[PDB]
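The form solved without the named molecule is given below as one chain in structure tokens.
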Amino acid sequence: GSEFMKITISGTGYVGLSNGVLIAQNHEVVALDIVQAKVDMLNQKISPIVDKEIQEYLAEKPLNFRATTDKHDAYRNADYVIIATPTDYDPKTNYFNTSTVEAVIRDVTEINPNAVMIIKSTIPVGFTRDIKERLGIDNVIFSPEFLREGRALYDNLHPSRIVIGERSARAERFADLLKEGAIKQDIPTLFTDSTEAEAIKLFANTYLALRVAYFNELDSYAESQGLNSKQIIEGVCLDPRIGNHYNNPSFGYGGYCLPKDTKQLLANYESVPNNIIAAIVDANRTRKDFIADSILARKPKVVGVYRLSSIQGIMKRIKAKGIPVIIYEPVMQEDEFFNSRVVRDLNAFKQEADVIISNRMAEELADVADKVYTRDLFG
């Protein structure tokens, strides 16, 4: 009976909780977490994470949602179990820690072998086909998540698309759950085989890194040649095949996904001839070298870093040349970061820095704009 199902969420971070609150509008959702304090909060309709829509829906909407620390209570009778536990890929060792996902697969297989597991956690390419073969089970399907931390429920209410890594009626019924709870209508939906679904986010994020790296190389050329980067970029981006988005120069692509995913994809190309995949990684190092060299050519005695992630790579290079860096970051509470002073008073920071670097311009740097170096054009 697909009319009213039980869906268990294993993992209460933004991915699991966003999916759980979305589905609890129409089905029975039970959230499993190992931490009793998190379970008690959820049962009191308090979100353990910061996400405005998740907190609003938990507090104000009638959701058939509850939490528990009991695995048997959580998995028994579940039609689907969404696995959204933490995973991490380390590019230095090429190790992808999937232990939390494998622990859930172990527990569901033992407690309810008829449940269909949907992995939303990030996993390595080929993970699902391999784990099914290893354990001799069939009830595991991967589905990528395209959510932004802080707007995770909003992104599930208005998704770019839904992709489920199995071609079957049970995969389509899970996609239907995601569409039923959404506000956006006629959401693009794609069903693929397993390993293909697991490769989508690495190829999508690596294209975004390539696009930023390309506009950054155009910007390196414009600076080197004394040209106006904004004029060139706006003219280029008026071609509708290119578009006016994701084209703002910076000190390099950063954030929590692009640096690691581009490297993870390159490792997957160890036996595949390529030049672009490897260049996306190299390009970022070259761009940071160019930006650092431009700053160092101004012969500053102290460089001020306004806000703290590619700017970290710039700071590293400036310090390697023996020039002190001071940091302005109101969110940090320590007085030192990577051996550099964190200055609390903005006016003291502005006065001492000979060049203030910022990945993006800010209103509060307006009065010292003359000594601000930023390649931001569009805000």
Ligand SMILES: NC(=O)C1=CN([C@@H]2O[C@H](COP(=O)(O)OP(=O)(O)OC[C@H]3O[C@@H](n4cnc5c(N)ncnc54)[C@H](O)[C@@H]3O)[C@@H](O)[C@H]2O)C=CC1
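Residues carry their position along the shown sequence, with the first being 1.
The entry shows a gap from residue 308 to residue 309, with 10 or more unmodelled residues of the deposited sequence in between. According to the PDB record, 262-270 carries the higher mean C-alpha B-factor of the two stretches 209-217 and 262-270. The stretch 361-369 shows the higher mean C-alpha B-factor when 17-25 is compared against 361-369 in the entry. The top Cα temperature factor in the record, among 31, 37, 326, 314, falls on 37. Of the candidates 299, 134, 71, 288, the PDB record gives 299 the highest C-alpha temperature factor.
Per the PDB record, residue ranking by Cα B-factor puts residue 294 in the middle third of the chain. Per the deposited record, the Cα B-factor of residue 145 falls in the middle third when ranked against the other modelled residues of its chain. For residue 166, the recorded CA temperature factor ranks within the lowest third of the chain's modelled residues. In this PDB entry, residue 191 carries a Cα temperature factor that places it within the lowest third of its chain's modelled residues. Remark: residue 251 belongs to the lowest third of its chain, ranked by C-alpha B-factor as recorded.
The discussion below concerns the form solved in complex with the named molecule, not included here.
Just one of 58, 32, 29, 353 comes within 4.5 Å of the named molecule in the bound PDB entry, counting any heavy atom, and that one is 32.
Only one of the listed residues (112, 128, 206, 122) places a non-hydrogen atom within 4.5 angstroms of the named molecule in the bound PDB entry, and that residue is 122.
Of the stretches 145-153, 221-229, 177-185, 190-198, only 145-153 has residues with a heavy atom within 4.5 Å of the named molecule in the bound PDB entry. Contact annotation: residue 87 falls within 4.5 Å of the named molecule in the bound PDB entry, judged by heavy atom distances. At least one heavy atom of residue 104 is located within 4.5 Å of the named molecule in the bound PDB entry. In the bound PDB entry, the named molecule lies farther than 4.5 Å from every heavy atom of residue 20. Although the partner is absent here, residue 15 sits close enough that one of its heavy atoms falls within 4.5 Å of the named molecule in the bound PDB entry.
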